[PDB]
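# Overview (structure and organization)
Next come the chains, spelled out residue by residue.
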Amino acid sequence: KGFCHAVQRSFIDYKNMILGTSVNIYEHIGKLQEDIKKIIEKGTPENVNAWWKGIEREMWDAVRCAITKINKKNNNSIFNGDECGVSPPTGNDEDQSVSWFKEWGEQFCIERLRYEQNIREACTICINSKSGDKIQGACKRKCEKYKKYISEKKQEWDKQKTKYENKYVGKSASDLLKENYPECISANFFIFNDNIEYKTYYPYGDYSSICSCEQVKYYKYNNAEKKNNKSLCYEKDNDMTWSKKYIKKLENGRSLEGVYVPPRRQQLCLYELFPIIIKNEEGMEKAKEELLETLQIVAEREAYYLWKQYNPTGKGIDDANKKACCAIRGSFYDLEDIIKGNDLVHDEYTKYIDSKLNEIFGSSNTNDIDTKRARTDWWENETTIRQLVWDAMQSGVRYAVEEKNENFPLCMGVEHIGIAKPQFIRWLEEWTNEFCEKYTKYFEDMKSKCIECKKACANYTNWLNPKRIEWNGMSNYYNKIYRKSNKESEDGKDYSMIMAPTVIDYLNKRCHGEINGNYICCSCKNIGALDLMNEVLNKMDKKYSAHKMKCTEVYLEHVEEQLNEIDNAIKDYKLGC
Amino acid sequence: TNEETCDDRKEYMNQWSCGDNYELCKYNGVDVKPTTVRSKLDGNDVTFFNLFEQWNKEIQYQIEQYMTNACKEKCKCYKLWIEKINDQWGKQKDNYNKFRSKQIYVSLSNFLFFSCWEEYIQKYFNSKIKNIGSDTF
């Protein structure tokens, strides 16, 4: 196993060492490369590259001859060029850094699996604990060795990953390692936690599992004591944009686009589910109460974080509270969807979560739709789960209220709520809401400034520019899926429940009213005087035409000066007692 | 021939069309009304150039889905859009040269370089102030 891989690594190392590049691993490489260059550039005249390209085929033939003859001398069947690659490896990823990073990740995954197996063997006899049940002899020492190993791998991986990301900005190392080697899909780069709490509250980070046994139960709002910041994750952001990636590809011919992750959804706290799931790997179909406790914990924590961070952002207590209620409603809807697995995001978190849920609910041969139905009815069943989560969210929001010393908002105060719309509609309406808010802020700021609003106009136009492609995207997606009674629908979602041949009609008739937490969550008027924003998308509207000349003149001036800056910068980038 | 059998494939959707005074380019079924406020840059002329700007953007965006493009019908549609984009780019270059002629007092090379680096500076940064990469250069 892993033999022809080593052959490829060695061949790449020789190829990149025979000619002068960033190689200094040996006691010296510069001496050998300098001697090679001096020998080459005396008869051949660069010429080193031509000589290497000439001899590469012979070298590959030589290694093929070597493997063929070594298996010939072996008593087994004589092999041939059947080794991985009849040709030398291609130049797409011949960089030393890429290969070294890949091999480092592969061996890290293999050793992590080995440590997991060792822990499972040595800590299988919480359960069968011998005692404050922290003393075990072998289990504790093994997970401590794992702790130190992770401690050093933290800085190692940090350095290697930051170097790779700087070299190839626009990609991700974690996804590359996941796709190259399927041996570690359970890997979650959280093992290298930076927070001190994740190092002291979690004695072993990702392995606060079986090596540590406490069986701490969640404490409801009636309990004065809390989880004492068991999963005190970082607060979410408020000024970050959407994402066009992480969408499942049904096929290359279709390649559906125009769907974007809302800013609130992509900032979600779901850290604590992974370690508890790893701990409860054993005990299938009997630890679902622990899963319920953990999801109540995470829902309460995220609701408290959202209310703590969003409420101060805006002194309009009424509409800010209504918007926060709508946001937590949408968060609950998304949580319910991911409980039933009816979302489109396919990151390392959601993929692992859905795999675990499928292997838990699916006994031996239940169909995918059967598993969807089973998890849906289990979520709707009462012991309802979507009443326990609602009470947990209410507990979190009330904790936020008593921390902020305010009143209980009327919104979300109802103990029961109806079935929500498909997540695409919710994303579209919240996108319209945030676009309206941003437009009202930016246009008002630009009008207030004006003589000096050129910077304000630049901010307004660079905020407006990305919105055109967004609008085109979801308009095109809506025009291809609207009014389909689940027979010819693109997905399993029951479409055709919106009576709107066009998106403009539904956005006009949808939330042109109160911004409260019940169904309708928008408050926008005097914008068209609702449909004029398209004419504002391109720079021909009457409202913008007042400042258009000044804005384009200052934009051209900035273009010229920044052009001068960038060209001079790229010219400058040539290089006892 | 293949135009009707290929438009229904809803894969290309070349919305922009440049069609005499300035060779106006129309993004979609929206009329163009020049709001003049005013031999250098003046009046609605710059507005025309402004329109071209958005076209330029989607042109780059075009390549995106065309990077997702990959039998006989596919090849025919591929050549068809190649010809369309070629003629549209030629017309846009010609009307840009006309704009430059009316803007004698930025040469389709420095300006396009600035725009394609503005793409980079806007995708991640905002940030058009510092150049301290030294590895991404």
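So, how was this worked out
Here the residue numbering is sequential from 1 along each chain as its sequence is written and may not follow the entry numbering; residues with no coordinates are omitted from view. Numbering of ligands from 1 and lettering of chains from A proceed in the order in which they are written. Taken from a larger assembly, the chains shown here are the sole basis for all values reported. The side-chain numbers reported here are obtained from all heavy atoms of the structure, hydrogens and water having been left aside. Labels follow the DSSP assignment, with helices taken as runs of H or I lasting at least four residues and strands as runs of E lasting at least two, numbered in each case from the N terminus. We call a residue buried when its accessible area falls under 20% of the maximum for its residue type, exposed when it is over 50%, and partly exposed in between, using a 1.4 Å probe and counting protein chains only. Any carboxyl oxygen of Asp or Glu that lies within 4 Å of a side-chain nitrogen of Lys or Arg is treated as forming a salt bridge with it. A pair of sulfur atoms, both from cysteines and within 2.5 Å, is called a disulfide here. Only centres within 6.5 Å qualify two rings of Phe, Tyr or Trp (six-membered ring in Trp) as a pair; their planes then separate them into stacked at under 30 degrees, edge-to-face at over 60, and tilted for everything else. For patches, a residue must show more than 30% relative accessible area and have no salt bridge; joins then use 9 Å for like charges and 5 Å for nonpolar side chains, namely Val, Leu, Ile, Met, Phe, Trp and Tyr. Reported accessibility uses the Shrake-Rupley method at a 1.4 Å probe radius. Residues are deemed covered only where the shown protein chains occlude them. Charged residues are defined narrowly, with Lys and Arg counted positive, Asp and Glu counted negative, and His plus the chain ends left uncounted. Positions of charges follow a simple convention, taking NZ of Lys, CZ of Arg, CG of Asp or CD of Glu. Any two residues whose heavy atoms approach within 4.5 Å at even a single point are treated as in contact. Pairing of N or O atoms within 3.5 Å defines a polar contact, subject to two protein rules: one partner must be a possible hydrogen donor and the other a possible acceptor, and residues neighboring in sequence count only if both atoms are side-chain atoms. Here the term charged refers only to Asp, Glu, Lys and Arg, the term nonpolar to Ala, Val, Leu, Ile, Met, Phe, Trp, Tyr, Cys and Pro, and the term polar to all other amino acids, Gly among them. To estimate the expected span of a helix, count its residues, drop one, and scale the result by 1.5 Å. Taking the helix axis as origin, the arc is that swept by the directions to the C-beta atoms. For a residue, the bend is simply the angle between two axes, fitted respectively to the seven-residue segment ending there and the seven-residue segment starting there. For this analysis, a nonpolar core means a set of buried residues of the types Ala, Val, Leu, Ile, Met, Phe, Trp, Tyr and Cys, connected via side-chain atoms within 4.5 Å. Each axis is a line fitted through C-alpha atoms, taken for helices only over the stretch in contact, and angles between the N-to-C directions span 0 to 180 degrees. Note on terminology: angles under 35 degrees are roughly parallel, angles over 145 are roughly antiparallel, angles of 65 to 115 are roughly perpendicular, and the others are oblique. A clockwise turn of the near helix away from the far one marks a right-handed crossing, whereas an anticlockwise turn of less than a right angle marks a left-handed crossing.

As recorded in the PDB header, cryo-EM is the method behind this entry, and the stated resolution is 3.6 Å.

Naming follows the PDB entry, where chain B appears as Erythrocyte membrane protein 1 of Plasmodium falciparum. The title attached to this entry in the PDB is "IgM-var2CSA complex".

The name given to chain A in the PDB entry is Erythrocyte membrane protein 1, with Plasmodium falciparum as the source organism.

## Here we look at the overall build of chain B
Regarding its fold elements, chain B presents four helices and zero strands. Secondary structure elements of chain B occur, N-terminal to C-terminal, as α-α-α-α. Oriented by its inertia axes, the alpha-carbon framework of chain B measures out at about 50 × 45 × 25 Å. A burial count over chain B gives 30% of its 137 residues as buried.

## A look at the pattern of salt bridges
Oppositely charged side chains can form a pair if their charged atoms are brought close together. Residue and element names in this part refer to chain A. Here the structure, examined in full by the defined rule, presents 37 salt bridges over all chains. The residue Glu 336 makes a salt bridge to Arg 386 at a minimum N-O spacing of 3.8 Å. Assessed through its relative accessible area of 12%, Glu 336 is described here as buried. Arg 386 sits in the buried class, given a relative accessible area of 9%. Where salt bridges share partners, they join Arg 264, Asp 334, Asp 337, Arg 426 and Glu 430 into one cluster.

## Description of the state of the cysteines
Residue and element names in this part refer to chain B. Counted under the stated rule, the structure contains 14 disulfides over all chains. What connects to what in chain B, once the bonded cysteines are numbered by sequence position, is 1-4, 2-3. Unpaired in terms of disulfides, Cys 71 finds its nearest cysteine sulfur in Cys 75, a separation of 9.1 Å. Taking relative accessible area as the criterion, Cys 71 reaches 66% and is therefore assigned exposed.

## Some words on the packing of aromatic side chains
All names here are of chain A. On inspection of all chains with the given rule, the structure shows 52 aromatic pairs over all chains. Summarising the aromatic geometry, the rings of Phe 274 and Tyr 352 are spaced 4.9 Å apart at their centres and angled 45° between planes, so their arrangement reads as tilted. Pair noted here: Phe 274 is in helix α9 (residues 273-279) and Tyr 352 is in helix α12 (residues 348-361), with a separation of 78 residues, a long-range link. Counting every residue linked through ring pairs, the aromatic cluster contains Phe 101, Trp 104, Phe 108, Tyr 115, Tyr 146, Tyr 149, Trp 157, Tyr 164, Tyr 168, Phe 189, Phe 192 and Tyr 207.

## So, a negative patch on the surface
There is a patch of like negative charges on the surface, built from A:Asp318, A:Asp319, A:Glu437 and A:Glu514. Structurally, A:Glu437 is set in helix α15 (residues 423-449).

## A few points about the interface of chain A and chain B
Each side of the interface is counted separately: chain A has 31 residues, and chain B has 35 residues. At the boundary of chain A and chain B, one finds two salt bridges. Taking the shortest distance from any N to any O, the salt bridge between B:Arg38 and A:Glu553 comes out at 3.0 Å. Taken together, the links from chain A to chain B amount to six residue pairs in polar contact. Mapped by element, the contributors of at least two residues to the side of chain A that touches chain B are α5 (138-167), α16 (454-479) and α20 (548-572) of chain A. With 12 residues, the top contributor of residues to the side of chain A that touches chain B is α20(A). Counted by class, the side of chain A that touches chain B contains 11 nonpolar, 10 polar and 10 charged residues.

## Here's the deal with the side chain of A:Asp337
One can find A:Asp337 in helix α11 (residues 317-339). Its relative accessible area of 16% is what places A:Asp337 among the buried residues.

## What about helix α4 (residues 110-123) of chain B?
An α-helix turns once every 3.6 residues. As a result, residues three or four positions apart point the same way. In this model α4(B) runs 20 Å from its N-terminal to its C-terminal C-alpha over 14 residues, within 8% of the 20 Å that 1.5 Å per residue would give. Restricting attention to buried positions, one finds in α4(B) the residues B:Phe111, B:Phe114, B:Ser115 and B:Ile121. The arc that holds the buried residues of α4(B), viewed along the axis, is 120°, so those residues lie on one side. Buried positions along α4(B) lie against α20 of chain A together with α2 (44-67) and α3 (72-102) of chain B.

## Some thoughts on helix α3 (residues 47-73) of chain A
Residue and element names in this part refer to chain A. Taking 1.5 Å as the rise per residue, α3 with 27 residues should run 39 Å; its terminal C-alpha atoms sit 39 Å apart, in good agreement. Along its length, α3 shows its largest kink, about 35°, at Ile 55. Those residues of α3 that sit buried are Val 48, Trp 52, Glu 56, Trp 60 and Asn 71. Looking at the packing, one finds that the buried side of α3 touches α1 (3-17) and α2 (30-40).

## As for the nonpolar core
Residues and elements named next belong to chain A. Formed by 36 residues in total, the largest nonpolar core has its most connected members in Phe 424, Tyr 439, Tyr 460 and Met 533. Of all the secondary structure elements, the ones that give two or more residues to this core are α15, α16, α17 (503-510) and α18 (533-537). Aside from chain neighbours lying at most four places away, what touches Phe 424 is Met 474, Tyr 477, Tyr 478 and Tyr 495. Ranked by size, the runner-up nonpolar core spans 31 residues in total, among them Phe 101, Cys 143, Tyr 149 and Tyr 352.

## Focus on the packing of helix α4 (residues 96-122) of chain A against helix α6 (residues 173-180) of chain A
Residues and elements named next belong to chain A. At a minimum axis distance of 10 Å, the contact between α4 and α6 shows a crossing angle of 65°. Judged by the inter-axis angle, α4 sits roughly perpendicular to α6. Here α4 and α6 pass one another in a crossing that is right-handed. From α4, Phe 101, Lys 102, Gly 105 and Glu 106 reach across to α6, where they touch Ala 173, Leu 177 and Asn 180. Residue composition of the contact of α4 with α6, by class: three nonpolar, two polar and two charged.

## Comments concerning the packing of helix α10 (residues 288-310) of chain A against helix α14 (residues 385-404) of chain A
Packed helix pairs are characterised by how far apart their axes lie and by the angle those axes make with each other. Residue and element names in this part refer to chain A. Their axes nearest at 8 Å, the elements α10 and α14 cross at an angle of 35°. Taken as a pair, α10 and α14 cross one another with a handedness that is right-handed. Taken together, the residues of α14 that come into contact with α10 (itself represented by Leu 292, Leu 295, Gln 296, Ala 299, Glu 300, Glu 302, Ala 303, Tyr 304, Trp 307 and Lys 308) are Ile 385, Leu 388, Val 389, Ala 392, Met 393, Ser 395, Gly 396, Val 397, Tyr 399, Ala 400, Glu 403 and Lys 404. In terms of residue class, the contact of α10 with α14 is built from 14 nonpolar, three polar and five charged.

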